[PDB]
$ cat model.txt   # compact mmCIF, C-alpha atoms and all ligand atoms
# COMPACT_ATOMS: atom_id res chain seq x y z
CA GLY B 458 -3.56 -15.43 -2.11
CA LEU B 459 -5.30 -18.03 -4.41
CA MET B 460 -8.76 -17.20 -2.79
CA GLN B 461 -11.09 -15.41 -5.29
CA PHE B 462 -14.59 -14.29 -4.31
CA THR B 463 -17.10 -15.64 -6.88
CA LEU B 464 -20.77 -14.82 -7.28
CA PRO B 465 -23.69 -16.82 -8.62
CA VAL B 466 -24.02 -16.64 -12.42
CA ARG B 467 -26.84 -14.02 -12.59
CA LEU B 468 -24.85 -11.65 -10.25
CA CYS B 469 -21.48 -12.44 -11.93
CA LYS B 470 -22.97 -11.22 -15.30
CA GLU B 471 -25.24 -8.38 -14.12
CA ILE B 472 -22.73 -6.79 -11.60
CA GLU B 473 -20.82 -5.58 -14.74
CA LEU B 474 -23.83 -3.49 -15.87
CA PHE B 475 -24.42 0.08 -14.71
CA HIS B 476 -28.05 -0.67 -13.66
CA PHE B 477 -27.24 -3.63 -11.32
CA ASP B 478 -29.27 -3.62 -8.05
CA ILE B 479 -27.26 -5.23 -5.16
CA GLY B 480 -30.41 -7.05 -3.87
CA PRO B 481 -32.10 -7.36 -0.44
CA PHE B 482 -29.63 -9.90 1.11
CA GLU B 483 -27.46 -7.63 3.30
CA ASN B 484 -25.06 -10.51 4.21
CA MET B 485 -24.03 -10.70 0.49
CA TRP B 486 -23.01 -6.96 0.23
CA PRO B 487 -19.50 -7.34 1.81
CA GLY B 488 -18.72 -10.19 -0.64
CA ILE B 489 -20.03 -8.09 -3.59
CA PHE B 490 -17.66 -5.21 -2.57
CA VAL B 491 -14.60 -7.53 -2.19
CA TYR B 492 -15.42 -9.05 -5.64
CA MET B 493 -15.46 -5.51 -7.10
CA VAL B 494 -12.15 -4.48 -5.41
CA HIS B 495 -10.52 -7.74 -6.65
CA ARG B 496 -11.59 -7.15 -10.34
CA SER B 497 -11.22 -3.27 -10.26
CA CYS B 498 -7.91 -3.08 -8.34
CA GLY B 499 -6.41 -6.62 -8.01
CA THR B 500 -6.32 -9.48 -5.40
CA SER B 501 -2.99 -7.88 -4.13
CA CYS B 502 -4.42 -4.31 -3.56
CA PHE B 503 -5.44 -5.16 0.04
CA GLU B 504 -4.69 -7.81 2.70
CA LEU B 505 -7.99 -9.78 2.68
CA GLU B 506 -8.15 -9.94 6.55
CA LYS B 507 -7.61 -6.12 6.98
CA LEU B 508 -10.07 -5.35 4.09
CA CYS B 509 -12.78 -7.59 5.71
CA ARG B 510 -12.21 -5.97 9.14
CA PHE B 511 -12.39 -2.47 7.49
CA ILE B 512 -15.69 -3.24 5.57
CA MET B 513 -17.39 -4.58 8.74
CA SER B 514 -16.35 -1.48 10.84
CA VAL B 515 -17.56 0.80 7.99
CA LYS B 516 -20.91 -1.12 8.00
CA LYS B 517 -21.24 -0.67 11.83
CA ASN B 518 -20.76 3.14 11.40
CA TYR B 519 -23.73 3.53 8.94
CA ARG B 520 -27.07 4.12 10.73
CA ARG B 521 -30.50 2.47 10.28
CA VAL B 522 -31.98 5.45 8.32
CA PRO B 523 -34.32 4.99 5.31
CA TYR B 524 -31.90 6.04 2.52
CA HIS B 525 -28.37 7.18 3.71
CA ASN B 526 -27.54 3.65 4.94
CA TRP B 527 -25.13 0.74 4.29
CA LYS B 528 -27.08 -0.30 1.08
CA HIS B 529 -26.54 3.27 -0.35
CA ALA B 530 -22.78 2.99 0.41
CA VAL B 531 -22.41 -0.32 -1.50
CA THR B 532 -24.73 0.85 -4.30
CA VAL B 533 -22.56 4.00 -4.84
CA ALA B 534 -19.37 1.85 -4.79
CA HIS B 535 -20.91 -0.47 -7.47
CA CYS B 536 -21.59 2.55 -9.82
CA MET B 537 -17.87 3.52 -9.37
CA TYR B 538 -16.85 -0.11 -10.13
CA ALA B 539 -18.90 0.03 -13.40
CA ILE B 540 -17.26 3.40 -14.39
CA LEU B 541 -13.70 2.12 -13.63
CA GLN B 542 -14.25 -1.23 -15.44
CA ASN B 543 -15.56 0.57 -18.60
CA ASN B 544 -12.49 3.00 -18.53
CA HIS B 545 -9.70 0.39 -17.91
CA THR B 546 -6.72 2.60 -18.87
CA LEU B 547 -7.76 6.17 -17.74
CA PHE B 548 -7.04 5.72 -13.98
CA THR B 549 -3.92 5.25 -11.83
CA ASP B 550 -3.31 2.36 -9.38
CA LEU B 551 -3.85 4.75 -6.42
CA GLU B 552 -7.10 6.10 -7.94
CA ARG B 553 -8.55 2.54 -8.34
CA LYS B 554 -7.60 1.79 -4.65
CA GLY B 555 -8.94 5.10 -3.27
CA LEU B 556 -12.19 5.57 -5.22
CA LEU B 557 -14.06 2.33 -4.25
CA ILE B 558 -13.04 2.97 -0.61
CA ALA B 559 -14.12 6.67 -0.91
CA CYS B 560 -17.54 5.53 -2.24
CA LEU B 561 -18.03 2.87 0.52
CA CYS B 562 -17.16 5.59 3.11
CA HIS B 563 -18.77 8.68 1.54
CA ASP B 564 -21.84 8.89 3.87
CA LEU B 565 -20.32 7.35 7.08
CA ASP B 566 -22.45 8.08 10.22
CA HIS B 567 -25.10 9.94 8.22
CA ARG B 568 -28.14 10.82 10.40
CA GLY B 569 -30.66 11.37 7.53
CA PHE B 570 -30.49 15.20 7.74
CA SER B 571 -29.06 17.82 5.33
CA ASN B 572 -26.23 20.29 6.02
CA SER B 573 -29.03 22.98 6.15
CA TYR B 574 -30.89 21.14 8.96
CA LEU B 575 -27.65 20.77 11.03
CA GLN B 576 -27.05 24.59 10.61
CA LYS B 577 -30.65 25.54 11.62
CA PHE B 578 -30.54 23.07 14.54
CA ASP B 579 -27.15 24.60 15.57
CA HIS B 580 -25.65 21.01 15.72
CA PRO B 581 -22.04 20.88 17.12
CA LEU B 582 -20.82 19.55 13.67
CA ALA B 583 -21.99 22.88 12.03
CA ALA B 584 -19.58 24.81 14.37
CA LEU B 585 -16.72 22.32 13.67
CA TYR B 586 -17.28 22.41 9.81
CA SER B 587 -18.94 25.61 8.46
CA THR B 588 -19.32 24.23 4.87
CA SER B 589 -19.81 20.70 3.50
CA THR B 590 -20.70 19.92 7.17
CA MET B 591 -21.70 16.22 6.82
CA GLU B 592 -19.03 15.49 4.13
CA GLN B 593 -16.12 16.72 6.33
CA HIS B 594 -17.59 14.47 9.10
CA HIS B 595 -17.78 11.48 6.67
CA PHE B 596 -14.07 11.98 5.85
CA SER B 597 -13.26 12.34 9.63
CA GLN B 598 -15.01 8.96 10.27
CA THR B 599 -13.08 7.33 7.34
CA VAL B 600 -9.70 8.38 8.89
CA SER B 601 -10.91 7.19 12.39
CA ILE B 602 -11.70 3.69 11.04
CA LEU B 603 -8.41 3.53 9.00
CA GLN B 604 -6.60 4.20 12.33
CA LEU B 605 -8.33 1.37 14.30
CA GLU B 606 -5.91 -1.54 15.02
CA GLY B 607 -5.73 -4.07 12.12
CA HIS B 608 -7.82 -1.71 9.84
CA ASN B 609 -4.98 -0.04 7.88
CA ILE B 610 -5.70 -1.39 4.37
CA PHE B 611 -3.16 1.12 2.95
CA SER B 612 -0.27 -0.08 5.23
CA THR B 613 1.90 -1.33 2.26
CA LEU B 614 1.87 2.17 0.55
CA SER B 615 4.87 4.57 1.01
CA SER B 616 4.35 7.68 3.19
CA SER B 617 3.76 9.89 0.05
CA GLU B 618 1.51 7.28 -1.72
CA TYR B 619 -0.55 7.00 1.56
CA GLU B 620 -0.87 10.85 1.67
CA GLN B 621 -1.93 10.89 -2.03
CA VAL B 622 -4.64 8.14 -1.58
CA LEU B 623 -6.07 9.92 1.57
CA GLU B 624 -6.12 13.16 -0.53
CA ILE B 625 -8.03 11.36 -3.40
CA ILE B 626 -10.54 10.06 -0.76
CA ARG B 627 -10.92 13.48 0.96
CA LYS B 628 -11.59 15.35 -2.34
CA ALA B 629 -13.92 12.51 -3.59
CA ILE B 630 -15.98 12.64 -0.37
CA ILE B 631 -16.15 16.48 -0.22
CA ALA B 632 -17.34 16.42 -3.92
CA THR B 633 -20.52 14.45 -2.83
CA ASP B 634 -21.78 17.76 -1.31
CA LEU B 635 -24.34 18.54 -4.08
CA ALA B 636 -23.92 22.35 -3.33
CA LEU B 637 -20.42 21.99 -4.95
CA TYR B 638 -21.58 19.94 -8.01
CA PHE B 639 -23.20 22.88 -9.99
CA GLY B 640 -19.99 24.94 -10.29
CA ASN B 641 -17.82 21.82 -10.76
CA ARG B 642 -19.90 20.69 -13.80
CA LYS B 643 -20.02 24.30 -15.28
CA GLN B 644 -16.21 24.47 -15.16
CA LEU B 645 -15.96 20.95 -16.70
CA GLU B 646 -18.51 21.91 -19.45
CA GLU B 647 -16.47 25.09 -20.33
CA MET B 648 -13.15 23.13 -20.23
CA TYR B 649 -14.51 20.33 -22.51
CA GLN B 650 -16.16 22.79 -25.01
CA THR B 651 -13.10 25.16 -25.33
CA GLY B 652 -10.89 22.01 -25.62
CA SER B 653 -8.77 23.00 -22.52
CA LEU B 654 -9.63 19.73 -20.58
CA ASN B 655 -6.31 17.94 -19.83
CA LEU B 656 -6.35 14.63 -17.80
CA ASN B 657 -2.57 15.12 -17.11
CA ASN B 658 -3.49 18.30 -15.14
CA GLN B 659 -4.13 17.25 -11.49
CA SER B 660 -6.74 20.07 -10.88
CA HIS B 661 -8.59 18.73 -14.00
CA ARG B 662 -8.46 15.07 -12.78
CA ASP B 663 -9.78 16.27 -9.38
CA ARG B 664 -12.77 17.92 -11.15
CA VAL B 665 -13.48 14.79 -13.26
CA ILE B 666 -13.36 12.54 -10.11
CA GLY B 667 -15.72 15.02 -8.41
CA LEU B 668 -18.24 14.57 -11.25
CA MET B 669 -17.82 10.73 -11.10
CA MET B 670 -18.65 10.96 -7.31
CA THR B 671 -21.79 13.00 -8.08
CA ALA B 672 -22.74 10.46 -10.81
CA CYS B 673 -22.24 7.43 -8.47
CA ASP B 674 -24.00 9.23 -5.57
CA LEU B 675 -27.13 9.92 -7.72
CA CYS B 676 -27.10 6.45 -9.41
CA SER B 677 -30.64 5.64 -7.97
CA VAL B 678 -31.91 7.61 -11.05
CA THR B 679 -30.00 5.29 -13.50
CA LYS B 680 -31.63 2.01 -12.33
CA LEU B 681 -34.54 0.18 -13.98
CA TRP B 682 -37.81 2.07 -13.29
CA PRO B 683 -39.13 -0.22 -10.45
CA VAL B 684 -35.80 0.22 -8.48
CA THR B 685 -35.76 4.03 -9.09
CA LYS B 686 -39.39 4.42 -8.04
CA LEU B 687 -39.11 2.28 -4.85
CA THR B 688 -35.81 3.99 -3.89
CA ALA B 689 -37.56 7.41 -4.26
CA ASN B 690 -39.86 6.28 -1.35
CA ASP B 691 -36.77 5.90 0.92
CA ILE B 692 -35.37 9.29 -0.25
CA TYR B 693 -38.63 11.11 0.58
CA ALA B 694 -39.06 9.23 3.95
CA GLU B 695 -35.84 11.01 5.06
CA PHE B 696 -36.75 14.39 3.49
CA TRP B 697 -40.22 14.39 5.12
CA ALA B 698 -38.74 13.53 8.61
CA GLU B 699 -36.33 16.51 8.09
CA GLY B 700 -39.37 18.66 7.18
CA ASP B 701 -41.13 17.50 10.38
CA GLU B 702 -38.00 18.50 12.40
CA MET B 703 -37.89 21.92 10.59
CA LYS B 704 -41.56 22.40 11.68
CA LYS B 705 -40.47 21.54 15.30
CA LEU B 706 -37.91 24.41 15.09
CA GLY B 707 -40.78 26.76 13.86
CA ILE B 708 -39.54 26.83 10.18
CA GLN B 709 -41.79 25.96 7.16
CA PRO B 710 -39.61 23.44 5.29
CA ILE B 711 -39.02 23.63 1.48
CA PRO B 712 -41.89 21.80 -0.35
CA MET B 713 -39.43 18.88 -1.21
CA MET B 714 -39.40 18.13 2.57
CA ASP B 715 -43.09 18.83 3.42
CA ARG B 716 -45.16 15.57 3.54
CA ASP B 717 -48.35 17.74 3.18
CA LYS B 718 -47.12 18.38 -0.44
CA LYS B 719 -46.67 14.69 -1.65
CA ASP B 720 -48.82 15.64 -4.74
CA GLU B 721 -45.96 17.89 -6.11
CA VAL B 722 -43.33 15.01 -5.96
CA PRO B 723 -43.61 14.13 -9.70
CA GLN B 724 -42.95 17.79 -10.82
CA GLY B 725 -40.14 17.97 -8.19
CA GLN B 726 -38.50 14.83 -9.72
CA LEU B 727 -38.68 16.46 -13.27
CA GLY B 728 -36.81 19.56 -11.91
CA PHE B 729 -34.15 17.33 -10.37
CA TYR B 730 -33.71 15.21 -13.57
CA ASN B 731 -33.54 18.43 -15.68
CA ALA B 732 -31.42 20.62 -13.28
CA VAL B 733 -29.07 17.96 -11.73
CA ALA B 734 -29.17 14.36 -13.01
CA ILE B 735 -29.32 14.75 -16.88
CA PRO B 736 -26.65 17.54 -16.96
CA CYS B 737 -24.47 15.37 -14.64
CA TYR B 738 -24.58 12.22 -16.85
CA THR B 739 -24.37 14.35 -20.10
CA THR B 740 -21.07 16.02 -19.04
CA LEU B 741 -19.82 12.65 -17.70
CA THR B 742 -20.61 10.98 -21.07
CA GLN B 743 -18.75 13.79 -22.96
CA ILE B 744 -15.63 13.23 -20.77
CA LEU B 745 -15.90 9.39 -20.49
CA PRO B 746 -17.87 8.08 -23.47
CA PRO B 747 -18.36 4.48 -22.16
CA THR B 748 -20.55 5.90 -19.25
CA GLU B 749 -23.32 6.65 -21.81
CA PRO B 750 -25.60 3.85 -20.41
CA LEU B 751 -25.99 6.01 -17.20
CA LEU B 752 -27.32 8.96 -19.28
CA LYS B 753 -29.62 6.64 -21.29
CA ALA B 754 -31.04 5.03 -18.07
CA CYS B 755 -31.52 8.50 -16.53
CA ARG B 756 -33.40 9.72 -19.65
CA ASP B 757 -35.61 6.57 -19.49
CA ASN B 758 -36.51 7.37 -15.82
CA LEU B 759 -37.20 11.07 -16.73
CA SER B 760 -39.71 9.73 -19.31
CA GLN B 761 -41.31 7.45 -16.60
CA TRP B 762 -41.82 10.53 -14.25
CA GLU B 763 -43.37 12.39 -17.23
CA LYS B 764 -45.84 9.45 -17.57
CA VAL B 765 -46.67 9.63 -13.81
CA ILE B 766 -47.66 13.35 -14.25
CA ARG B 767 -49.83 12.45 -17.37
CA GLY B 768 -51.73 9.99 -15.07
CA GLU B 769 -50.57 7.02 -17.30
CA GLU B 770 -49.33 5.75 -13.84
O1 LIG B 801 -34.90 13.22 -5.26
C1 LIG B 801 -33.84 13.78 -5.10
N1 LIG B 801 -33.74 15.18 -5.20
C2 LIG B 801 -34.78 16.10 -5.32
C3 LIG B 801 -34.35 17.48 -5.63
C4 LIG B 801 -35.36 18.57 -5.66
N2 LIG B 801 -36.72 18.24 -5.35
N3 LIG B 801 -37.82 19.05 -5.26
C5 LIG B 801 -38.90 18.20 -4.94
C6 LIG B 801 -40.28 18.68 -4.71
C7 LIG B 801 -40.54 20.07 -4.91
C8 LIG B 801 -41.85 20.49 -4.67
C9 LIG B 801 -42.80 19.56 -4.20
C10 LIG B 801 -42.51 18.21 -3.94
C11 LIG B 801 -41.22 17.75 -4.22
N4 LIG B 801 -38.49 16.85 -4.78
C12 LIG B 801 -37.13 16.87 -5.01
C13 LIG B 801 -36.15 15.77 -4.95
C14 LIG B 801 -32.49 13.09 -4.84
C15 LIG B 801 -31.59 13.62 -3.87
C16 LIG B 801 -30.36 12.99 -3.59
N5 LIG B 801 -30.07 11.80 -4.24
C17 LIG B 801 -30.94 11.32 -5.24
CL1 LIG B 801 -30.58 9.87 -6.17
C18 LIG B 801 -32.15 11.97 -5.55
CL2 LIG B 801 -33.31 11.33 -6.70
MG MG B 802 -23.71 12.52 1.30
ZN ZN B 803 -24.51 9.55 -0.74

$ encode --input "model.txt" --output "structure tokens" --more "lines below"
Ligand SMILES: O=C(Nc1ccn2nc(-c3ccccc3)nc2c1)c1ccnc(Cl)c1Cl
Ligand SMILES: [Mg+2]
Ligand SMILES: [Zn+2]
Amino acid sequence: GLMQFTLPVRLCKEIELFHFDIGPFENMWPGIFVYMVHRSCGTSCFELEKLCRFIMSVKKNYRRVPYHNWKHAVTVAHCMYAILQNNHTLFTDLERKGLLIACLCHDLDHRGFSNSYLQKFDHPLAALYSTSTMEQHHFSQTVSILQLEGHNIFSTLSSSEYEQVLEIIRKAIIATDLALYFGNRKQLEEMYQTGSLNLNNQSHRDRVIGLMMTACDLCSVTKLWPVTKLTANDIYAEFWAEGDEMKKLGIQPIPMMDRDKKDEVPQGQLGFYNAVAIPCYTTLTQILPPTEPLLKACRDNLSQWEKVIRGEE
């Protein structure tokens, strides 16, 4: 009850900033998450013992892949913490509860392969879930862990509040399927520009939470340049293994996934900043002005990739 988590001074101050890197000490990541739940939600949101047991089972169900791993989960939850803390009054009690949990869980049991690779491989999961294949699995794994004995962190909610928080988590996780982001942001852009955006409309809130999930999921591009650049190595290590596995099925992979085309990575990053990242943080900043530091950090990293192409590094 009277037991706060506290962090060393440098982490206590920097965890509040959008560009915080959670560091290489894995054993500190559970504590960092509990700290963020306690400040974002309250010390009463969750029974400490249940929350701790839930975090450790979630950790166990992330795999030892280069990028879609336990560090990505906590990193994405920290970006959500920074958004929620900078927008104190815009979100409900259930949303604050559900969204950090959704982010910790959003890539549960990821194997390092895209929805496309599962479909070309003819993986069983692609027959069980014809679209958003991995994201429906991630939500399935979240419910499994919530149902383990002593793991029900939502046990004090009413039946209808419990159904609402699991619906927030389901939509939040499904929204991390980047195939769905393009149309979600176009609708949000039109709604904001014609002045029809209404945060009392549930279908509108759902869309805005979707865009927050995309923004937290991509937050590698909003870090200081040396974090962004070193993280890109882990991203491509997965993509190039997927490309190798495409070649094993007798399919030329897209260039993004072909390690024989490393030289085109800088141009490929420009496309991604211009087609996905910048538009994402731009629309987010229009809807939630205090998230502007994400757009600014993203623009700084776009300018660093432009320098790589100009051979200035
Ligand atoms: O890097 C990412 N995406 C992208 C998206 C398109 N292309 N095309 C290329 C490319 C094309 C031709 C030749 C060589 C490379 N490289 C990419 C990387 C990414 C994905 C998911 N999460 C995050 Cl934070 C990021 Cl930063
Ligand atoms: Mg994912
Ligand atoms: Zn992710």

$ residues_around --input "model.txt" --residues "residue 575 in chain B" --least-positions-apart "4" --cutoff "12 Å" --atoms "only C-alpha atoms" --output "PyMOL selection string"
chain B and resi 567-571+579-591+699+702-703+706

$ residues_near_ligand --input "model.txt" --ligand "ligand LIG 801 (chain B)" --cutoff "10 Å" --atoms "only C-alpha atoms and all ligand atoms" --output "ChimeraX atom specification"
/B:524-525,529,633,635,671-679,685-686,688-693,696-697,711-730,732-734

$ atom_distance --input "model.txt" --atom1 "CA of residue 595 in chain B" --atom2 "CA of residue 564 in chain B"
5.6 Å

$ atom_distance --input "model.txt" --atom1 "CA of residue 508 in chain B" --atom2 "CA of residue 747 in chain B"
29.2 Å

$ residues_around --input "model.txt" --residues "residue 667 in chain B" --least-positions-apart "4" --cutoff "9 Å" --atoms "only C-alpha atoms" --output "list in words"
residues 628, 629, 630, 631, 632, 633, 638, 641, 642, 662, 663, 671 and 672 of chain B

$ write_last_selection --input "model.txt" --atoms "C-alpha atoms" --output "short mmCIF file (atom, residue, chain, number, x, y, z; two decimals), in the coordinates of the input"
data_model
loop_
_atom_site.label_atom_id
_atom_site.label_comp_id
_atom_site.auth_asym_id
_atom_site.auth_seq_id
_atom_site.Cartn_x
_atom_site.Cartn_y
_atom_site.Cartn_z
CA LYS B 628 -11.59 15.35 -2.34
CA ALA B 629 -13.92 12.51 -3.59
CA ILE B 630 -15.98 12.64 -0.37
CA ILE B 631 -16.15 16.48 -0.22
CA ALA B 632 -17.34 16.42 -3.92
CA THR B 633 -20.52 14.45 -2.83
CA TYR B 638 -21.58 19.94 -8.01
CA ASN B 641 -17.82 21.82 -10.76
CA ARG B 642 -19.90 20.69 -13.80
CA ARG B 662 -8.46 15.07 -12.78
CA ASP B 663 -9.78 16.27 -9.38
CA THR B 671 -21.79 13.00 -8.08
CA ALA B 672 -22.74 10.46 -10.81
#

$ residues_around --input "model.txt" --residues "residue 601 in chain B" --least-positions-apart "6" --cutoff "12 Å" --atoms "only C-alpha atoms" --output "VMD selection string"
chain B and resid 511 514 to 515 518 562 565 to 566 594 to 595 608 to 609

$ closest_residue --input "model.txt" --among "B:460, B:522, B:539, B:614" --to "residue 698 in chain B" --atoms "all atoms listed in the file"
B:522
